[PDB]
Amino acid sequence: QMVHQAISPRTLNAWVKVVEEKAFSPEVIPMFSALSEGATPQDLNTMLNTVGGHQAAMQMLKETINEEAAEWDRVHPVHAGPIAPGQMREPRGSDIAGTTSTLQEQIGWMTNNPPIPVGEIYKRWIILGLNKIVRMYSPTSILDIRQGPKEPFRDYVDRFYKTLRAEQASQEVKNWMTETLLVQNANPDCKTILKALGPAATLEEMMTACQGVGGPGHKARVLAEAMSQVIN
Amino acid sequence: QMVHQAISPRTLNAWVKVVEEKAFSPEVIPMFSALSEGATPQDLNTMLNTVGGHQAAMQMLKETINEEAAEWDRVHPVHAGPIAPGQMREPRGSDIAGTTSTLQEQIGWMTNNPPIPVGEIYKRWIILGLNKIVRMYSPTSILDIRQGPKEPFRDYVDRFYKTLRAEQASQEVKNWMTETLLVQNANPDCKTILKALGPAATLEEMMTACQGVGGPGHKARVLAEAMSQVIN
Amino acid sequence: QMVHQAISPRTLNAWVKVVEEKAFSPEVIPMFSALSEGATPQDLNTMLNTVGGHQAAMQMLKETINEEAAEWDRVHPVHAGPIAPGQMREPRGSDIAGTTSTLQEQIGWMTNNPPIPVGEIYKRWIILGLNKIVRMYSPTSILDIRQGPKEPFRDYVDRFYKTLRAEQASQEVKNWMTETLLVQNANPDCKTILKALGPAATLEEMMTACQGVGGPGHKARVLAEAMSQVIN
Amino acid sequence: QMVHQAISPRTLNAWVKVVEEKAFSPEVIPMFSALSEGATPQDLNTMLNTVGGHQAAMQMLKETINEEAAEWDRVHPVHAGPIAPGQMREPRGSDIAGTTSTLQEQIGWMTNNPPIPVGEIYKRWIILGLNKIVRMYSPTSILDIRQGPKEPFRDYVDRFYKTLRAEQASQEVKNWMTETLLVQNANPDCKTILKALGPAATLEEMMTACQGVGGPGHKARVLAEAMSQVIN
Amino acid sequence: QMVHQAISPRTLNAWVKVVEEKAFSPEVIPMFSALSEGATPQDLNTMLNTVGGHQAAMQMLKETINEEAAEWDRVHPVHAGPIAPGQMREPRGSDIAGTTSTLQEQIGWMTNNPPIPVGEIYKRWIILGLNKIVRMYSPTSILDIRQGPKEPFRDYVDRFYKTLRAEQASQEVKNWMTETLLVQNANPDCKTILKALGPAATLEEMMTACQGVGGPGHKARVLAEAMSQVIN
Ligand SMILES: CC(C)(C#Cc1ccc(-c2ccc(Cl)c3c(NS(C)(=O)=O)nn(CC(F)(F)F)c23)c([C@H](Cc2cc(F)cc(F)c2)NC(=O)Cn2nc(C(F)(F)F)c3c2C(F)(F)[C@@H]2C[C@H]32)n1)S(C)(=O)=O
Ligand SMILES: CC(C)(C#Cc1ccc(-c2ccc(Cl)c3c(NS(C)(=O)=O)nn(CC(F)(F)F)c23)c([C@H](Cc2cc(F)cc(F)c2)NC(=O)Cn2nc(C(F)(F)F)c3c2C(F)(F)[C@@H]2C[C@H]32)n1)S(C)(=O)=O
Ligand SMILES: CC(C)(C#Cc1ccc(-c2ccc(Cl)c3c(NS(C)(=O)=O)nn(CC(F)(F)F)c23)c([C@H](Cc2cc(F)cc(F)c2)NC(=O)Cn2nc(C(F)(F)F)c3c2C(F)(F)[C@@H]2C[C@H]32)n1)S(C)(=O)=O
Ligand SMILES: CC(C)(C#Cc1ccc(-c2ccc(Cl)c3c(NS(C)(=O)=O)nn(CC(F)(F)F)c23)c([C@H](Cc2cc(F)cc(F)c2)NC(=O)Cn2nc(C(F)(F)F)c3c2C(F)(F)[C@@H]2C[C@H]32)n1)S(C)(=O)=O
Ligand SMILES: CC(C)(C#Cc1ccc(-c2ccc(Cl)c3c(NS(C)(=O)=O)nn(CC(F)(F)F)c23)c([C@H](Cc2cc(F)cc(F)c2)NC(=O)Cn2nc(C(F)(F)F)c3c2C(F)(F)[C@@H]2C[C@H]32)n1)S(C)(=O)=O
Ligand SMILES: C=C(C)[C@@H]1CC[C@]2(C(=O)O)CC[C@]3(C)[C@H](CC[C@@H]4[C@@]5(C)CC[C@H](OC(=O)CC(C)(C)C(=O)O)C(C)(C)[C@@H]5CC[C@]43C)[C@@H]12
Ligand SMILES: O=P(O)(O)O[C@H]1[C@H](OP(=O)(O)O)[C@H](OP(=O)(O)O)[C@H](OP(=O)(O)O)[C@@H](OP(=O)(O)O)[C@H]1OP(=O)(O)O
């Protein structure tokens, strides 16, 4: 037969925009519940594959799906023997998840009498994964990258640029983030030097200027400055 | 047959109260999805017709529904004509939306074997529309009606009263809104005159007092006052 | 037959965690609808019985379910006559709610041809109840217990400890709550006395110290001190 | 038959990441050319539908595809006469674009003898559209929203918030953008007032303070201050 | 047959409330012993699945159950051959715990002649696990999160918020904990700066103010302050 509730172009685009705009806020759960309703496991897998970024969250979701597939296998014993020509093989957990089943097999299960709603079972597994992601997963934010009090400036710059590469933004916005946040979120010892450097300093000049922060000479110099302030 | 999941009086009232209390915040999407499950397209249309105000949002929803009906028609080719006497005509997008189908026809599709869940397909279309509304539609608010720096006071009053007529509130709250926000949200040039006029001033008196703001006489008078302050 | 959408261990645990973490915030409505889909009324009742605390909310939910069951009974007239041996009895509202139906009967209704999705009907009833709870139910909070201006300190302490017993917290957190909030949220008249007592004062000492607040002696003493300030 | 070059989950995810990371820089053209080679028009349409945002760009692509389909229809004259039972209908432009053709028909055209590579023809059409997008389409940027010299502060705030809603960023990043760019990109006349307000000022306070900029009172006041400097 | 001592709704709710109120104080052991008496392994598994939080404790309980099942398998040799039609398979350790057995099999074992009380055997295994939890498991407490003498403020804040997410409390109580405990439980070096910041400081301002504690400039400054106190 055919699946009447196969996802339309606008449904898939709406799911993509939901993920892009809300990330994994709780609102993702009702949206996925409504957009994916009635769809085959193949359509749900398409929706899950359209998620860009958030690799850790998607790995969490995959682990949850595997656990639910194992639970399905535990609750459904394997039947050994020759299947009737009219009948078809009973779904397994991987068949529900669509890893070992074709679209035709999923449609056959969904439209059989009695029907096995493999799409809705898979949808509940995905919802469990999404709930786990919403509770536990925190996406990396370029706004959260601050230099540690004893962290070398080079290591902080490496962390900043790694997070910026992972950041969801336009390239112009990422350039503006580099121009604003990097010096702003440095630790005070490095920030003093960076401000003394001036606004026109390049990244290499900034990195050379802070290369000694925490070394013997810089420590002695700041200690001597503080002691001179005290004596005066 | 009969639809076991037809909307109850409490279900319809809950949907009405959801729309009235939350407008089109994201919470409207789960509630609708929960409140309309297993209902016919007729019940869904009844739920949609109970939305008071937000006419622009309802128009956006209608456009989304029409687009989804067109997609359904594209995916489902029409038949040649030999309809089986026992069988019924296959639904079109308009039939899914309930514009060209009766309640009996929708029930027949829903309870047929194999079943066509016309209600659930229509629900998915309505959810797509509601998502578009939540993302893109902003209801007019009496709170953000402010007089422009060069806007005539009469035009501002007309805008304020149009928004107030569109506002969801009781008549007493609307009167209090008129007494409070109209003078508060005027521009400084008109606001000074209104303050000098006194609380007892009526709408006609305020409008007459502010009729000359921005004209040559008022501009000359304010410029002369500023010049006199400068000279002194 | 067999129900393929029976709640798994992780589904039940997710529902328990949702109720514990979110109480009855609106997020409870989508989560329930997602976790409970396809389940029998028995699984729905299991989830409902897993709710610890919020007894008034659960009474509201029960009242809503009874009203929906009455609506179902009104809509479905009871038919007199012996049921066919192949057929089963038509469900009543109590049967959908699972009070008067066994799991076997629920599964038979859900997997019959034509099917009666008693699980989905009951789910919508529970959603109506949950929506009513979210709208109208506010859980008691230990943070909200504050001594009235003329309330005896003993009555305030009784209310505080009752609310603390109802509070969802660990014993250590409850002890810290007692150490912090009880004196903090006392009225000024008792609060000056409690501060004068000192940090080491026990509950009995605090209750004895404030036992006279509002009595003729305390009123006369505070009036005398105020008059001393005035005539100073 | 079957299509061996159907897009894999990783191929689709790579396309999604390309669009999210590069927007429509020229690099999109090689990536799309390489990721979509040998795919059916259905897979191509899926990839096109996973593009979030850039609605004007997608409309441009749709117009280019429609014009290429019209060119195909011009070049290939529709032949009148029943098709051979072994043969299949020749594809039209809409068939290559996938609007009026099913996946089975596309596979039949691609795997026929002689083959009609509808996937590759559609790929070239999409590449033409993408080239037009890369040359002529500029995405909106929140960094580009600056208040005009005579623009009311209300209108500038409206434009800023519309562009921010359209911006591809996390909610925290959008909040930081509101905190940073709105006052920064205001015109000098509003900017001096906003600075005088202080950092703690809310949006409504900022919007009330600038409500009179450009009005007769503000014009007179600034002219008076300038004349005070001159005649000093 | 049927299990006469299947857990009632009130039994399950009482178990949930026991775990919520008491966590894993020794009182859990008698309560579980009394609530679960006579129940099938399926019912006990339900009770264990209703435990929210304490995931480490539940993992310990699962390990104890697995060890007891292994001991059962060691003591009960596997019998190979054709089971009598009137007889059922002898239970294994996994069958006692209900992982590889169905409710029907458990009821058959429990009601057979001679009976195998699989529920009570499983109950003793669970009691052993609960005893191990009571002796060894210590739940995380937000009250126990204190900043180390050399710990960066950002790391301490991250630990605090992780523990707060795991804490059993209402959201309002968690907000109160954030407003009270975080500054209170910081180390003295950070607490001095935080107190100098003021009561209205946000989390970002607090993190910025302590970003340099332990860095060279801060160390020099505090050493200079101490030396100045000594010289004076
Ligand atoms: C052809 C088509 C119709 C199809 C299909 C199709 C078929 C099956 C599956 C699949 C489903 C369930 C499981 Cl449980 C496993 C599995 N279990 S396993 C042995 O442990 O790995 N493997 N698969 C791969 C399988 F089946 F091919 F083997 C799956 C997918 C998933 C959908 C999915 C994506 C996701 F993110 C998280 C999920 F839980 C499920 N997509 C992938 O898995 C590829 N992926 N994975 C991960 C990650 F690791 F981060 F989670 C990532 C991707 C990514 F999308 F690139 C993206 C960056 C993230 N799609 S179409 C048009 O969509 O292309
Ligand atoms: C008999 C009965 C059970 C029925 C039915 C019934 C049947 C069909 C439809 C309908 C459904 C879908 C489409 Cl797609 C079209 C269509 N497509 S079209 C060619 O472009 O216009 N037309 N219809 C009219 C049709 F079918 F009659 F032709 C429809 C409605 C809609 C329900 C609906 C309301 C809505 F807000 C938005 C929707 F998307 C759908 N209600 C209307 O449409 C009337 N409406 N419209 C608009 C607006 F334009 F602002 F959105 C407004 C109304 C309003 F309610 F007054 C309210 C102020 C807003 N109800 S009942 C309840 O009466 O007793
Ligand atoms: C055996 C099993 C499979 C089962 C079942 C099972 C079967 C039926 C029902 C039931 C369902 C619907 C109605 Cl409408 C009535 C009814 N209508 S009536 C004549 O007016 O009272 N009675 N019942 C009892 C019936 F059926 F026995 F008669 C019900 C329950 C409910 C589920 C439920 C819980 C709830 F909170 C609110 C609900 F709306 C429904 N649970 C109870 O009712 C016991 N309960 N009640 C209340 C309260 F009063 F606060 F709401 C409280 C409990 C509590 F859980 F302790 C908790 C503190 C709160 N469970 S299992 C594994 O789960 O144990
Ligand atoms: C079921 C499935 C296999 C399929 C399919 C499927 C089938 C066909 C088409 C399609 C292809 C070519 C043309 Cl030439 C037209 C057409 N020509 S016409 C009469 O002038 O409009 N109509 N269609 C709709 C048709 F065919 F239904 F009629 C098409 C699509 C396009 C793919 C596409 C996307 C795109 F962005 C630009 C394109 F050029 C083509 N997707 C849509 O069209 C929906 N869309 N449109 C636009 C816009 F208008 F902005 F461009 C937008 C969308 C959006 F994705 F939401 C996104 C925000 C942007 N997908 S699956 C798993 O992928 O869902
Ligand atoms: C359908 C139904 C009747 C049933 C059943 C049902 C059937 C079996 C089991 C089970 C029992 C014994 C073992 Cl010895 C194993 C096993 N041994 S193994 C190969 O090493 O992992 N696996 N199982 C899963 C099995 F059998 F399905 F494979 C089990 C469970 C357990 C009950 C249980 C919970 C628990 F906390 C600790 C236990 F010791 C036992 N529930 C789970 O296990 C799922 N779980 N696990 C863990 C953790 F890992 F943290 F401990 C957590 C959960 C959680 F509940 F989510 C919660 C957060 C914590 N329930 S119902 C109405 O209740 O849903
Ligand atoms: C004779 C006098 C009493 C005094 C004594 C000497 C004097 C002085 O020192 O005070 C020299 C300066 C002047 C001439 C004043 C008179 C007033 C004028 C005036 C206020 C006149 C109104 C004019 O305004 C416009 O044209 C309106 C405007 C918005 C610019 C438009 O139309 O585009 C401007 C240009 C703003 C001038 C500035 C110069 C001065 C101060 C004189
Ligand atoms: O629009 P504004 O900037 O607020 O000022 C305008 C405008 O001056 P601008 O050139 O700065 O825009 C007019 O144009 P100019 O003559 O100065 O070039 C001017 O005179 P005209 O209208 O005769 O051209 C006069 O306009 P008005 O006659 O209405 O006073 C004036 O004041 P307004 O703001 O009130 O328009």
Side-chain angles (χ1 to χ4, degrees), chain A residues 2-40 42-44 46-47 50 88 103 106-120 123-124 126-127 130-131 134, chain B residues 18 22 24-39 41 44 60-61 63-77 90-93 95-96 109-110 112-136:
Chain A
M2 65 156 320
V3 55
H4 292 310
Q5 283 166 292
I7 62 172
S8 74
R10 298 288 178 179
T11 310
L12 178 62
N13 193 67
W15 168 245
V16 171
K17 293 209 62 49
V18 160
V19 180
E20 284 172 356
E21 289 172 354
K22 330 262 73 163
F24 288 100
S25 80
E27 262 155 64
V28 71
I29 282 160
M31 269 339 276
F32 183 84
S33 212
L35 295 176
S36 59
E37 172 161 323
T40 65
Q42 172 137 283
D43 293 331
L44 315 188
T46 304
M47 308 171 75
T50 66
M88 53 189 288
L103 171 74
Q106 304 164 2
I107 291 169
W109 288 317
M110 282 168 58
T111 61
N112 198 2
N113 221 351
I116 310 161
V118 297
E120 300 298 316
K123 184 223 262 183
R124 192 207 277 170
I126 299 168
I127 291 294
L130 288 173
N131 176 62
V134 167
Chain B
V18 159
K22 304 296 198 173
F24 290 96
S25 60
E27 275 173 54
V28 72
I29 275 165
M31 287 303 311
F32 183 82
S33 200
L35 284 183
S36 55
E37 209 160 301
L44 267 48
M60 307 183 15
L61 171 57
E63 295 151 2
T64 309
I65 294 170
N66 280 308
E67 199 189 354
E68 294 311 300
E71 177 65 14
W72 173 276
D73 289 329
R74 175 187 84 85
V75 152
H76 299 75
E90 286 215 299
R92 326 282 308 130
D95 300 328
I96 307 300
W109 285 317
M110 272 160 94
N112 198 307
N113 213 223
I116 312 181
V118 297
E120 297 309 283
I121 303 155
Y122 192 31
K123 199 235 295 204
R124 225 252 293 277
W125 302 355
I126 298 156
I127 292 289
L128 274 174
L130 291 174
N131 181 56
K132 184 214 271 163
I133 290 153
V134 169
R135 289 188 53 252
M136 306 309 304

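In what follows, chains are A, B, ... by sequence order, proteins preceding strands, each numbered from 1. Atom set for the values below is all heavy atoms of this structure, side chains included, hydrogens, waters and symmetry mates excluded.
The parts of A:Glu37 that come within reach of chain B are both its backbone and its side chain, each placing non-hydrogen atoms under 4.5 angstrom from that chain. Heavy atoms closer than 4.5 Å to chain A are found nowhere in B:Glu27, neither backbone nor side chain. Using a 4.5 Å cut-off between heavy atoms, A:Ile29 makes no contact with chain B at all. No part of B:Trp125 comes within reach of chain A, as not one of its non-hydrogen atoms sits under 4.5 angstrom from that chain.
With rounding to the nearest 0.5 angstrom, the CD1 atom of B:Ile127 is 11.0 Å from the OG1 atom of A:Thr11. For the atom pair NZ of A:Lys17 and CZ of B:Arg135, the computed distance is 5.0 Å after rounding to the nearest 0.5 Å. For the atom pair CD (A:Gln5) and CD1 (B:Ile116), the distance works out to 11.0 Å, reported to the nearest 0.5 Å.
Shown here for B:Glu71 and A:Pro9, the closest heavy-atom pair between the two residues is OE2-CD, 3.3 Å.
Not one N or O on the side chain of B:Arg124 forms a donor-acceptor pair closer than 3.5 Å with the backbone of A:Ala34.
With a 6.0 Å radius and a threshold of 12 heavy atoms from other residues, nucleotides or ligands, A:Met88 has its CE atom above the threshold.
Here B:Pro26 is the residue among B:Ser33, B:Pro26, B:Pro115 with the most heavy-atom pairs under 4.5 Å with chain A.
Under the rule for a salt bridge (charged side-chain N to carboxylate O under 4.0 Å, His left out), the partners of B:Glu120 that lie at least two apart in sequence or sit in another chain are B:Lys123.
Between A:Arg10 and B:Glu67 there is a salt bridge, with a side-chain nitrogen of the basic residue lying less than 4.0 Å from a carboxylate oxygen of the acidic one.
Considering only heavy atoms from C-beta on, A:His4 stays 4.5 Å or farther from B:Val118 through its side chain.
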